[PDB]
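Can you keep this structure in mind? I'll have questions shortly.
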Amino acid sequence: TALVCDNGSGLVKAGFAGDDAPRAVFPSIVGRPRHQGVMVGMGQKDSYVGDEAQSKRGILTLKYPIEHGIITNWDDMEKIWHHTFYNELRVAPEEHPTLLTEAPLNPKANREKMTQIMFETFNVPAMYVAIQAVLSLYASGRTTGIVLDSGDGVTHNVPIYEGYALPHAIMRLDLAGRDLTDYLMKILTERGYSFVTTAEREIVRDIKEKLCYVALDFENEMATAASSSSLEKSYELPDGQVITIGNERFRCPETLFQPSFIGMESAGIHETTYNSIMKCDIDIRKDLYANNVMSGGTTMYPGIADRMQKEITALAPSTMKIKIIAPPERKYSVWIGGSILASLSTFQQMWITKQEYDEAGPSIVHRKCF
Amino acid sequence: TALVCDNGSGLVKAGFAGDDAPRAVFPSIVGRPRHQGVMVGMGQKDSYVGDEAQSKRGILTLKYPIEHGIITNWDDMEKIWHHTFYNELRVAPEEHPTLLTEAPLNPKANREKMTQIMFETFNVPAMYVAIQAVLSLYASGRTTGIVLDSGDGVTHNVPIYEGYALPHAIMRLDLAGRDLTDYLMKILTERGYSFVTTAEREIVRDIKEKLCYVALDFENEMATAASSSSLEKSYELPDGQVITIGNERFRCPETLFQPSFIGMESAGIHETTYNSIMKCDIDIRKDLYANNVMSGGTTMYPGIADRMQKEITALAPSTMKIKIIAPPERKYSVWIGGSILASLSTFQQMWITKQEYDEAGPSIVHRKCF
Amino acid sequence: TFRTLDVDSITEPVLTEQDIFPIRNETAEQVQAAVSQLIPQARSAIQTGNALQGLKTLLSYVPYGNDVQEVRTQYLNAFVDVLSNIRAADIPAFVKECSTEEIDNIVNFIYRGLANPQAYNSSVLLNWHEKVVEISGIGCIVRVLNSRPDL
Amino acid sequence: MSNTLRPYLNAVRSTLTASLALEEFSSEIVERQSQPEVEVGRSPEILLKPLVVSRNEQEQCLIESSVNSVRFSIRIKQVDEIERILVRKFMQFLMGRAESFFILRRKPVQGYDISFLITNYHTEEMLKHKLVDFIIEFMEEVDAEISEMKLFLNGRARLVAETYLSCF
Amino acid sequence: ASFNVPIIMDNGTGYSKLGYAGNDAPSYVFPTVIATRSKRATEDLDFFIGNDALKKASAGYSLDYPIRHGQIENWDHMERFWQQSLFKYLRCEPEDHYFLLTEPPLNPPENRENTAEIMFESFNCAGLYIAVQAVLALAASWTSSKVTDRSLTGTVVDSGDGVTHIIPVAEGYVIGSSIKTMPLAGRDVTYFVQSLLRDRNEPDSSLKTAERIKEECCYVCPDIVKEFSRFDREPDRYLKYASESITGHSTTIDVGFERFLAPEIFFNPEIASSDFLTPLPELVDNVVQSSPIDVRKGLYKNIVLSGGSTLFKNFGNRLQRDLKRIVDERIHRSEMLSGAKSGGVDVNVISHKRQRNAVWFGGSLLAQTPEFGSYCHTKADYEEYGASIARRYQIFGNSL
Amino acid sequence: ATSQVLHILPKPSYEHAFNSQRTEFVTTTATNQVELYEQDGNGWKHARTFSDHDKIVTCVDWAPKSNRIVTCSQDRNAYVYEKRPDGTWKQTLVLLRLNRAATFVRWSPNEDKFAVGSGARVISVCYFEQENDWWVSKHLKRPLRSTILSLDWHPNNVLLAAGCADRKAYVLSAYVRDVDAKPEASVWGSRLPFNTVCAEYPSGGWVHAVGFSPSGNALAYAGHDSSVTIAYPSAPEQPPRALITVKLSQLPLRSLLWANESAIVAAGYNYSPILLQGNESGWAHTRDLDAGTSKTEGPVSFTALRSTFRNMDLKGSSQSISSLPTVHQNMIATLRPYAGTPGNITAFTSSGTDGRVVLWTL
């Protein structure tokens, strides 16, 4: 067995290769206390990690060590990996290879320090660093398609044909569920309700995860919510009081299809997918159009597969069929795909091994993992 | 049963003597992946050949190993013979004597090396290297006639009377269906369709096959198409985009009659046929005009028989019959003629046999073949 | 040293193939006569074109024994010659009418013809092998595996 | 490949499937030991007659069989000295891996190119219809594998010829 | 037989030493490393080896070491390493020369078979001898090749970059029932020096810097709990080492208790492995006591050191004193039961001028002998019996 | 006829026996263990292992009325296992005195003695003595020339058929005094002391299986030449009334069972039981009991995702390796009565080298 540790920017998703689904899913958060620690003894800790922080958050400054899929704070990222292996999986990491992941078009130094900490702190016996939108394509049961992965921090497209990636046609967009959370705070502020702190940012994430949905036709949905009760509904806070919301429920997800709302100049996710298909060689485009693959938690909004199929069918030539593949387990497909990969018998030849790291130094990942 | 291959400069035609048509017809292509394989488990393969390369082409750089009827990349030609023997016909080359086919006025080195490979790499029991135009008279059932063969790589006339060829009156022209694809790619740019890659070349080869024709008078057809949409057609690319095509529908095949379009200084196929007949002895011309035989895929354009009869009737003396026999099987008529020749009772003494080759070396071929 | 001196060969006498298969009752000259009368009937059946009645009569007796290679080889020469002179479309009409005893004599000798390609054309024996096994089933090879070694 | 080997490989497939009727068998000459009786040959009554299947003087199979073991040995096409070297070496890689192709011998029987030993334990713990499909799919493809290697040898003979000759 | 100087190749896990018999040093000593890539196919021509393949890590080649724990274990890489050794560096013709190759005592027969088929079929060499490497290293001890300078009885302790093994040899015969082997040597102590620099988080801990800190700074102390205590009392023992990075800039490394705790891997191999628990002085006593009784005075009297990882400052004296302690304690137990005295046994551990490459100098000195062409596998024997001609162990007792 | 797959065993199952209540069965895995399986509603559960043998177990049997298991192995031992009142099994070593492996064992119909075939050229007929609490072995050895591949007892306690690798099927008297009552004067003989020989019947190949008719007046046996032979004896020293051999078109039979006085099921390397029918005038193969004789989208599971990639990686391509059409996927090693009155088998069972244990109803 080998660990598969998809340290995403919003959730760590971890477990064992060939296991059905990730067994350690928790916030990619380190919390530190912000108040007068008056009661002596009491089992107090200098910092808290994951669900241990999320449940204590009313006294903590929660901060994610990872932003837009790039590690910003290594002293806390080691704290998350240590929590993953010793507290959440309860293994010794020196006994198991780890398949890690990262998004494409990351800094070189991210990939180096992430191999160095696995070999020099966690003492791991072998490791590998897969591209997240390649893994999501194993989890679809395919060898050609265009994975749209979108998580908490990054959205990216990787077009693949016959198992060859077309790396010139990879699109990264630094917009995903954390920007939709920050935008939901900016529009909730307009109805009556103020959310400000790093802990209140989790309450509005827990709104976004169950009140929001994607409108199939935003400009007509906007007129319908401005003229009826049916689109409005309510959520009950930790403080027992009720929050009622309406056109905020679909204006939030719409930022993915209209990044101009949060001040970005870019294509939306629909036109970013088409700009990746139209960068590919002309003979493969039909087999990409019939195999768009949704992945990552930001693709979980009710109606996003219907909307994505509508917007791509308007951009694509009407002569040919579009399919969006969106399984119900697309919430974890990058982990699911790493759990396939780390169990394929040729894969056991591809690991960076401890001995090979010791001899080659941390630059070995650049001449073995892609 | 003997084999017969017409190793065409763009399609391989291969089969067994006494069959009515080729057993296997496939592009004379070898392709290598241009991109990086990211999937494991996939059957990654270092080269594809024939129809598999034509099918996977969106990720391949495609090479033709024969240029103007001359083999120019021997390694990718040995791959194609190994594909004809072990994959397409799926018979071992040692079991059957084998008729190969070649254009007139080729390098001596081309026919020697093609003999040395067949006896010392494919170990064949016997072989013969017939001239492609001499086989077109067998297919047409003639013993007197002037052939006009035109393939992917080359166009040539061989005038023949009562089975005696006139090798001083052979005209050979390195202009045929490849240079018409290269020119159609160029003039397609003037309507705005940029085709550039070795795989987009195979889309523009298909446009040329599906839509082009030879117009009975070019200045009249130009003045027609300049006024009207009635001569236009539309073709759906494998992308689902539709191109629409104008006077370049017939300005492409006119290159055969006006080589100055592609900058080269030579007589078009009409004048080069008339010059071949005017080089011949005066008593035989009167029969060469009556038995003018076409062959090879570049002679398949709609209206090319009527264009060719109109032009030869304008050149040749009006007092006698011009009669062009372009049969409906002419696409394969070199192979069909080879399958007749290799089947004759009187030909079975004419093979170069292995025991007769290795006492003389590959220079035996020039003293048994034409 | 002693480790290599075999003793089993001189203190525990092993079985012989004539203990496992009953010895032939007919004497060497008695079978050499019985074959030499049949081969001319088979050679004649080729010369009159009725080669299939050649096989039916040739296959009515079989020589076997370690004493008779110089006539087992003549019987095999006549059998391979007769198999090379039956038309391939007549084979399914011959094989479906053979007894399971005659079939097990055909396929037993085609595996003797396939053992000596420098004297027999394998291509026609492999053709008979496909047709005899496709028609009469895989057990007809199992009866060859199990058969007498001096056939 | 197939169409020229089709008569031969249907004879080999049919012989080899009739030959692979194996069983557990404790040896009669040694106590508390099983041994592959085709390979030892010390008790004759549990050997079956050795059968040859053959297309040509070059291309042959010998099939030897016993109550718990079958040995199968083949000669493949070697029509010039380049195929003699390429075959003789290719089989030494293929037998050098015998610990992971469980049915291979590490040495051929004398005068054969490669040899297989399908023991009872293999027909109990592996799919025996996929064992004969591997033997047959090896005999179809090995002529295409070796002929391709003599193309790559010509390809390098050109690589070094052009690279030497083009720097005058 | 050909008369040409036999070619000698000690392919170590760390360094290959190459040359011709009868020269006074190896023609080359360079790392056993190959640099490889990670319309004709040429990725098997583009490789480099030795000192010219360290220069290639920045040019995007992957370096790999085809010998690990004293055994060849990548045969594609080792064949390319030999062709390049023979045709670039030694610049020889194999068909003219006999070759002496070396391997550890406990190598698998499969590796001698693969070595023989590569030498006889790929290179076509005239003949081959595959020498057990520590059996040669005794012959580097002599003051000269001449018969009166020989001392054909002595224990030989060999320790390179990848294996240590102790071979007893007496009256010119290798006592094969008594060989001891431990796959812990110069590289495993480098990974330990590297592991310590890395736990202190020093500016550089690349393999080349731990490899240099071993041979610059480390030594074998008497006892590590007193040496840790000395590093508190005696603060000039914390050396400062200046290292230059892979990318061409300065750094400074403090070197600490790895100055003694790293060579201690030989005298306490529990530090390195769970599997090889027996320390080198007791591993040597297990060799000499397993050996037949009359040679034991001779085997202790002459314990030859060999191979680069025996060169640590004070290594010979630590081995001599800890082995003398094991030996005189055992003799004094025997004096106790008897009440009589003994003459004891002298234990000498012999460090000497050719200790850095002793196996090569041993191979060179043996291969000069007129008999050498008769001990080789000649290619005539290869053409008769095939590569199985090399499969039999010369050293151990064989059944059959 | 219908097949029901009772259990899939993790290892090859050369032999098995169901207890007389058909509630539990013993079976020989291809190791020195013997598994005991019990009912689990409609399923079966592993109850215990016996493990008293040194080497691979070769055969096993379970006495109907007296409820004792007997076991053979390549270690040359046999054990008899007998139920203690507390619910566990008392092992007991039987001194077979064999020079080579024990191959095949059967309890006699009165269960007072059991016979063990061997590679040692002999058969050890074992019986128990209340005077000594020993099991003691008598060696049948006069005509046997090679390994004994199977045994069957006559329905009277005396006569023992044995199939031997010297291509013959023997009928021997195994009368042991002060255990058996006198044998009745019958078709096989009347002068009937231990090791007297009633037949040495021929075969084309090794005789894998033997069995007497339910009336005892005929013997059937089966060769590695893929034939079944039925021998109809006349009297001592006299040729048989008939020696009918039916040659099958299939791979060899390994096991054999009279369904009634006029029909036989047989099975083996053909992966399927077959039915033969006849009498002393003639016999023919008449049916295959397996319908496999005739050779007869939605969401996708994680284990189908992982296995379609492991198939592309380990094997040629994604596509699954097919089943055989028969119920068994490998040679069917043994074939045993299950239900109906003695001499009218209504159902039988088989166990395979694939580890299937299967119930067949006619």
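Letters are used for the chains, namely A, B, C, D, E and F, taken in the order the chains are written, and counting of residues starts over at 1 for each.
Throughout what follows, a residue touches a chain if its C-beta (ideal position, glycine included) is under 8 Å from a C-beta of that chain, and two chains touch if they have at least 3 such contacts.
Any chain that touches chain C and also touches chain D is listed here: F. Comparing chain pairs C-F and A-E by the number of C-beta pairs in contact, the larger count belongs to C-F. Comparing each chain's Cα centroid with the centroid of every protein Cα atom identifies chain D as the most central. A straight line joining the Cα centres of chain B and chain E is 67 Å long.
Distance between chain centres (mean CA atoms), chain D to chain F: 35 Å.
Centre to centre, using the average C-alpha position, chain D and chain E are separated by 41 Å. For the pair chain A and chain B, the distance between mean C-alpha positions equals 56 Å. For chain B, the set of residues that touch two or more other chains comprises 40-42, 75. The set of chain F residues that touch two or more partner chains comprises 145-146, 166-167, 224, 251-252, 309-310, 313.
Residues of chain C in contact with at least two other chains: 15, 20, 138-139, 142, 146-147.
Touching chain pairs in this entry, ordered by label, are A-B, A-E, A-F, B-D, B-E, B-F, C-D, C-F, D-E, D-F. Chain contact summary for the complex, chain C toward chain D: residues 8, 14-17, 20, 111, 114-115, 117-118, 122-123, 126-127, 129-130, 133, 138-139, 141-142, 144-149. Chain A meets chain F in the complex at residues 18, 20-21, 138-139, 141, 336, 339-341, 343-347.
Taken together, the chain E residues at the contact with chain B in this complex read 39-40.
Residue ranges of chain B in contact with chain E, taken from their complex: 32, 63, 73, 75-76. Every residue of chain A that touches chain B in the complex is listed here, in rising order: 131, 134, 137-138, 143, 160-167, 280-286, 289, 316-320, 341, 344, 346-347, 350, 370.
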